[PDB]
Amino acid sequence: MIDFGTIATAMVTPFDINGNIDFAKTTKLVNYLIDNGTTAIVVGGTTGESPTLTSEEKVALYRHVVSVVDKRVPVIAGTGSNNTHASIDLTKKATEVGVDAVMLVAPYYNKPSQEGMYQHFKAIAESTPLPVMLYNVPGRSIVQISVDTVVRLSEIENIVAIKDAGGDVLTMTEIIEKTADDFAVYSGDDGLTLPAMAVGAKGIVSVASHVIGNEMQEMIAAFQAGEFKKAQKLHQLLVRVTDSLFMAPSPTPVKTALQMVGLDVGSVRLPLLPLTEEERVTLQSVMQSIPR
């Protein structure tokens, strides 16, 4: 039904001098992303510092991005947490501010079973008419959403997609095979963009598209074109740059990276800190290595 395209951007949440949401800055970023290869936007996810956002802040931010986007591009809210009843609640608030879909992380910290996760997600999906996108992220939640559990959930009418940040393209290939062709499997690891599309992934849910969305769209087109040498050169830029962006807890690297190219998005909330000088210089070098 819906189509998030090939690059959904996991959008930072810009903050002012005091650490409150900066809604004018949110408006420059949303416009820039759309002008630079972003085909769908994920609002208030991990990369949006969802942990330190309040539910009132999350809803303000969803409402504001819905307005500024203006149907140019689907808007996905990160309404999912480790509390099912809380997730049903924030899901309904995002629906009522007119977001286009919801992203639902695998619950973190409380280590649910596969059956437990199945009911979590079945219940939040039952709570909305909207399209749902699953988010598998063992590297933050510990648990995997097993291939079998995903295949079961795809069977549900408004569960349409999965961001798979498992780092394993063999697991993805199994999910593509065993799910219907209208179930869209997305990589959630930038550097695996090319190999995952190689095996059938529709695209990437990205963090590096904040700074190299055009190049990414280029890479994808060149690989779909059978121009492998072209794609591989761009693939390697993506990998280099992605690595510079996770040398410290994300999203401080990518917020700092955006500043270094004249788009200030403020700093970060504790427990995250700003880059050290050392860290700044290192990222700086990599941002300079980007061709123009």
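Note that residue numbering follows the sequence shown and begins at 1.
Participant: Tell me which of 90-98 and 186-194 has the higher mean C-alpha B-factor in the deposited entry.
Facilitator: 90-98 has the higher mean C-alpha B-factor.
Participant: Can you tell me whether 257-265 has a higher mean C-alpha B factor than 233-241 in this record, or the other way round?
Facilitator: Per the PDB record, 257-265.
Participant: Which one, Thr128, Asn136, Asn110, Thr171, has the peak C-alpha temperature factor per the PDB entry?
Facilitator: Answer, based on the entry's C-alpha B-factors: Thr128.
Participant: Give the position of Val151 by CA B-factor within its chain, expressed as the lowest, middle or highest third.
Facilitator: Its C-alpha B-factor, which the entry lists for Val151, ranks in the middle third among residues of this chain.
Participant: Would the CA B-factor of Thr13 place it in the lowest, middle or highest third of its chain?
Facilitator: Middle third.
Participant: C-alpha B factor of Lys122, ranked within the chain: lowest, middle or highest third?
Facilitator: Middle third - that is where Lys122 ends up once the chain's C-alpha B-factors are sorted.
Participant: Per the entry's values, where does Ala222 land by CA temperature factor relative to the rest of its chain, in the lowest, middle or highest third?
Facilitator: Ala222: CA B-factor falls in the middle third of its chain.
Participant: Quick one: classify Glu49 as lowest, middle or highest third of the chain based on its Cα B-factor.
Facilitator: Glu49: CA B-factor falls in the lowest third of its chain.
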